[PDB]
Amino acid sequence: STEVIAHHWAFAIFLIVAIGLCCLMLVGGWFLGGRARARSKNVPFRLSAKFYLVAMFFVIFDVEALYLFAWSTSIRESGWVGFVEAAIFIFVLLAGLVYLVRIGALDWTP
Amino acid sequence: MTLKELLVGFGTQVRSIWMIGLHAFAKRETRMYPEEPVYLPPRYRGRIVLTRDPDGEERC
Amino acid sequence: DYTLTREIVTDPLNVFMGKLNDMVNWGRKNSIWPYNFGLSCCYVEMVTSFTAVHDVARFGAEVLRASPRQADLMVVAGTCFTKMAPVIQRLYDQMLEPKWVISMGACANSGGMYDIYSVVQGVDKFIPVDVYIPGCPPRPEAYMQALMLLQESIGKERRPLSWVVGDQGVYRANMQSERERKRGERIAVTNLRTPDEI
Amino acid sequence: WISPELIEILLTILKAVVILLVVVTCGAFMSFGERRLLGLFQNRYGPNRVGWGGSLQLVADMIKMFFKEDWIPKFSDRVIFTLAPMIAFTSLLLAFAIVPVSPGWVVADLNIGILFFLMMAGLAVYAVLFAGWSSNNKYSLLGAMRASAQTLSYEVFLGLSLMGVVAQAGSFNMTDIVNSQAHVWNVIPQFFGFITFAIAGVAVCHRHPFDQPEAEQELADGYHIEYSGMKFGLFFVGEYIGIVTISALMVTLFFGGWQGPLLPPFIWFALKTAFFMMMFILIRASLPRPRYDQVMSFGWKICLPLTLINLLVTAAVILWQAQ
Amino acid sequence: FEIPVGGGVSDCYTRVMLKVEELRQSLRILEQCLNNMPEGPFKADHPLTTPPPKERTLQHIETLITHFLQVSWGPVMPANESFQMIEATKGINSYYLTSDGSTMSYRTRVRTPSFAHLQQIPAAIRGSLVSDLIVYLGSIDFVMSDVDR
Amino acid sequence: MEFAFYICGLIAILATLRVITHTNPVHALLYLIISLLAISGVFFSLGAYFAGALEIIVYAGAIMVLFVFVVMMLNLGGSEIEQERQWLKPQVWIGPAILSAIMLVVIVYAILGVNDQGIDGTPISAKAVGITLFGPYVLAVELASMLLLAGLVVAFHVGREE
Ligand SMILES: CCCCCCCCCCCCCCCCCC(=O)OC[C@H](COP(=O)(O)OCCN)OC(=O)CCCCCCCCCCCCCCCCC
Ligand SMILES: CCCCCCCCCCCCCCCCCC(=O)OC[C@H](COP(=O)(O)OCCN)OC(=O)CCCCCCCCCCCCCCCCC
Ligand SMILES: CCCCCCCCCCCCCCCCCC(=O)OC[C@H](COP(=O)(O)OCCN)OC(=O)CCCCCCCCCCCCCCCCC
Ligand SMILES: CCCCCCCCCCCCCCCCCC(=O)OC[C@H](COP(=O)(O)OCCN)OC(=O)CCCCCCCCCCCCCCCCC
Ligand SMILES: CCCCCCCCCCCCCCCCCCCC
Ligand SMILES: CCCCCCCCCCCCCCCCCCCC
Ligand code: SF4
């Protein structure tokens, strides 16, 4: 089919021209305009474990999200049995979320 | 938060959005300097001058 | 007549390079991003000029950056206190070229009424100033008038188009003084409204 | 070189290039329209002097940012510092690359679709983290860490908010999602999906009230503060292009896409997209900014369970009417 | 006019709403000022009224003499100490003036409320977050000129 | 289709080689992200569309975000172990390189003797993967939820601040 190969060429040209466009604006910004020196121009103008905890929770729940992504595109042909399986999955998810909230894992404020 | 708190909060957000949109339907309160000159009351304290008497001599 | 920063020289200005210089000056003077820096009461009048009743956004100068790197204009709006003078100098040094300075109010101009032990007598003692605004405070439209004066000054300056090719000196126009320009209309004033009315 | 297949190939390539150019210019002119619409909301005018109605204000900003001195901090890491605005631009641009703006006017009719959008959103949070770390500013690093934790707290349910629409369409393809909205738009059945996707899309674009460099200005902990010239311009235009992309995605996923009774399909798509862009401006003008912990607790405790429950209820409804 | 008071606890929110009610009370006072403005002089009939009324200065020699000495050397305040406390916009503001019998103040002490509020800041914000601190600073109603004088 | 496969495979190999020899941790994670993007391109060239989408969504969009997050939290600068470049000294890496080369030679010799009709690259969609996941592989899905729950509990117990 020539339609799919035309769309592949269009997608490739889209990505190439977008990347080259931002590269070209960066190059033009670097090249144009005069430069001046100052004494204090070069002068610039421990994080808690909650940061790692939030990122880790995001990673784990994103993996369970991928499982639900796979389920959601084929719900009709998985039937009510697949609904029961995904309901068990989501219940385990919500129980984990309730556990995380209730023990203060998702409480930034003291 | 409770469900009632969430619903009341959503209602207040909707009210704020609605009031600012109605502000977009309102009349501009901008004094268009410099095309519209600034009205200054007669005793406004700006640039100092030295003046003359009715006979034309300087008063100082 | 121009002053060169690398002396009093003449105008260095091909006809395509002149058009490019005019285009760059037009873009710079129509996009002036002030630095959000508040010293004293003059800053209250500046941010008043930012509001709805004056709308300094109309000139394209409302963006009000919190970083000196993103700002093109430093408005010294307030007293240059001795403790704050190194802060002002550091913030000005952190700004990038091209940068312009508006001294706003009598304190920033000269020290104003505060000829006192803890006040630097004018911000031009240590940083260069492009436009001075008298007043204590200048009203918001005086700040807008100084913005337009800065726009006229920017619109006829000469700066390098690139840092790799050509003259790298900064040429600033020796503009006619506003006092001498307005003297003809100001001296001809005879009568004013009496101060007994509204 | 005269063949219908080759002519169709250059026609599709030209259509993709036209879509790219229109989206980039729409993002920049929407920075300008943000200024003008905030002026409209606040009983003022905004920029209306540089050109007719201020229409040349964007060109003046572009000239000023091009001829501003290019600056990289000496103690900064040059590659990552340069790379972060590139990602902040290109991530949501390539996210737009799947949006069908009209029948026959699409760049990539991918089988994955909103999956490609989710890929681009993850790369966008990389842009924020890289900008914070590479500046060699500990305040910018702390602010980028907070902004990234907020972005993760809402990207954790962005795709799940889209899964109800995916379940109703039975597909990841965007044109099939549009065609499944031929009778009723998805904002009626997937209403909670719509509101959660709108909140998550505002949050992953770092728009108000999730804008970290404007949230905490007293700490001077913004991750943009060392960027200047055209790199800060890349951040700005990428943020506005992200608003355009999120608005177009919301139109095509919850408001029927280009479908409409009377107007041409691109006119309907552009009108709905412009309405959601204007609603972005009104959201910026109206709502106050919640606290950081409140925002992240709202993302984790309210929106994510809502997306899970919405997906389960959507599946139950779909299997209930599957007679 | 009325004095709005809180329930016993001073948050950011209660301070802001109390100032809103203070604005309403000031509008009531302004309405009373508009409706009942007395007829009379705008300057006292005292020899130390500085400057004297301008029309009498411009046509009467003793008034011109009083004006001349008041604007140049200054009015002579006999040696005393005076104090005045007012309800300013941001709290209680007071002037404590010591005169040594001259045309200048021997001592001008200005008590400003923002000094006290900024000193109260560490006791009230301890155990809170930085966002609480910036909201607290917004709700204090201070200016740094008041603090530092 | 094979052009993309070979170039993405070469890019992934080169980026992994830069990963295991680099000094800066953020740069090493960036090369790892590049290698994961190339591996996703390999997945898309083979027709495994869901695998490539998850390769960028989850591997190059969540897990390496966590790695980058931890590195940025630790403020890894002029570390003494980092400055030494012990892994760049020949007497440190020459042994493991020979060991890995021998393992690669044995595995490649085993690979080259297998029956190979070629991969047609016919796209196996996310819909078929979802059908298989909630059909024959239901117990895998539920016990994978339990596995990630175990990871969540362990990482909360260990990575707390207290
Ligand atoms: C500074 C530069 C950094 C690197 C930037 C990227 C480098 C490469 C740029 C050139 C890319 C060339 C074009 C690639 C192929 C495009 C066409 C394509 O992918 O087609 C294959 C497939 C078709 O699927 P479909 O239409 O459904 O067909 C079904 C049966 N034929 O469709 C698919 O499989 C679609 C899914 C794959 C799409 C991948 C798009 C790019 C992903 C990487 C984004 C990088 C973002 C910037 C950097 C991030 C930080 C490093
Ligand atoms: C095109 C894009 C825009 C599309 C329009 C629709 C989507 C708008 C997206 C806006 C996103 C903003 C999200 C803000 C979430 C804030 C949550 C939060 O943390 O609220 C805190 C507040 C109080 O929390 P609490 O813990 O109780 O505090 C007690 C301590 N003193 O708790 C509360 O106040 C509770 C209520 C919080 C807010 C609920 C959700 C409001 C969403 C915005 C309104 C949208 C209305 C529709 C607009 C028109 C649509 C066509
Ligand atoms: C498709 C395009 C169009 C999309 C439209 C999106 C918006 C939703 C539909 C319309 C909603 C209309 C809401 C009307 C609000 C009226 C404004 C108002 O008076 O709100 C305030 C009021 C509480 O008044 P009071 O307690 O005096 O507050 C002052 C002190 N703070 O507040 C109240 O009395 C609250 C009344 C109930 C509000 C909610 C009604 C039901 C909403 C159901 C959906 C859930 C939305 C939130 C979900 C968030 C989950 C993350
Ligand atoms: C140019 C020379 C090298 C320059 C330096 C490197 C630049 C990046 C090179 C890698 C990315 C582009 C590779 C080339 C892709 C060209 C498109 C292509 O091969 O399409 C064929 C096929 C289309 O799908 P299908 O329906 O199967 O069609 C088969 C034929 N009918 O396509 C497919 O099935 C899959 C399409 C490719 C997969 C999606 C894109 C992946 C991109 C990964 C980038 C990784 C990071 C790169 C960093 C570079 C700098 C270090
Ligand atoms: C905010 C909107 C961004 C849109 C980006 C893509 C623009 C594509 C324009 C396509 C125009 C032609 C569409 C098909 C014909 C139907 C409409 C005819 C009148 C315009
Ligand atoms: C401070 C202690 C450091 C310990 C480092 C250990 C490194 C082990 C390197 C092993 C190298 C093996 C080389 C090949 C051996 C012959 C082939 C395999 C066995 C038949
Ligand atoms: S010039 Fe006057 S108004 Fe301006 S800072 Fe000084 S005292 Fe305040």
# chains A, B, ... in the order shown; residues from 1 in each chain; ligands from 1
call {"tool": "select_by_dssp", "arguments": {"residues": "chain E", "states": "helix (DSSP H, G or I)", "output": "PyMOL selection string"}}
result
chain E and resi 12-35+54-59+61-72+113-125+130-140+144-148
call {"tool": "residues_around", "arguments": {"residues": "residue 13 of chain B", "least_positions_apart": "6", "cutoff": "12 Å", "atoms": "only C-alpha atoms", "output": "mmCIF file with C-alpha atoms, in the first residue's frame"}}
result
data_model
loop_
_atom_site.group_PDB
_atom_site.id
_atom_site.type_symbol
_atom_site.label_atom_id
_atom_site.label_comp_id
_atom_site.auth_asym_id
_atom_site.auth_seq_id
_atom_site.Cartn_x
_atom_site.Cartn_y
_atom_site.Cartn_z
ATOM 1 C CA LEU B 6 -14.279 18.606 47.051
ATOM 2 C CA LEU B 7 -17.678 19.503 45.564
ATOM 3 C CA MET B 19 -16.615 35.956 37.348
ATOM 4 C CA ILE B 20 -13.336 36.486 35.484
ATOM 5 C CA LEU D 282 -9.016 31.730 31.788
ATOM 6 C CA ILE D 283 -7.718 29.035 34.160
ATOM 7 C CA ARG D 284 -4.478 31.009 34.456
ATOM 8 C CA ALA D 285 -6.397 34.239 35.089
ATOM 9 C CA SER D 286 -8.967 32.956 37.598
ATOM 10 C CA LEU D 287 -7.758 30.193 39.893
ATOM 11 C CA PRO D 288 -5.331 30.640 42.798
ATOM 12 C CA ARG D 289 -2.373 28.347 43.337
ATOM 13 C CA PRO D 290 -2.646 25.537 45.912
#
call {"tool": "residues_near_ligand", "arguments": {"ligand": "ligand 6", "cutoff": "12 Å", "atoms": "only C-alpha atoms and all ligand atoms", "output": "list in words"}}
result
residues 86, 87, 90, 91, 92, 93, 94, 95, 96, 97, 98, 99, 100, 101, 102 and 103 of chain F
call {"tool": "residues_around", "arguments": {"residues": "residue 53 of chain D", "least_positions_apart": "2", "cutoff": "12 Å", "atoms": "only C-alpha atoms", "output": "list in words"}}
result
residues 58, 59 and 60 of chain C; 32, 33, 35, 36, 45, 46, 47, 48, 49, 50, 51, 55, 56, 57 and 58 of chain D
call {"tool": "residues_near_ligand", "arguments": {"ligand": "ligand 5", "cutoff": "10 Å", "atoms": "only C-alpha atoms and all ligand atoms", "output": "VMD selection string"}}
result
chain D and resid 15 to 27 30 96 to 97 99 to 107 241 243 to 245 247 to 248 258 263 to 277
call {"tool": "atom_distance", "arguments": {"atom1": "atom 16 (C, counted along the ligand's line) of ligand 1", "atom2": "atom CA of residue 4 of chain F"}}
result
9.2 Å
call {"tool": "atom_distance", "arguments": {"atom1": "atom CA of residue 4 of chain B", "atom2": "atom 12 (C, counted along the ligand's line) of ligand 3"}}
result
14.2 Å
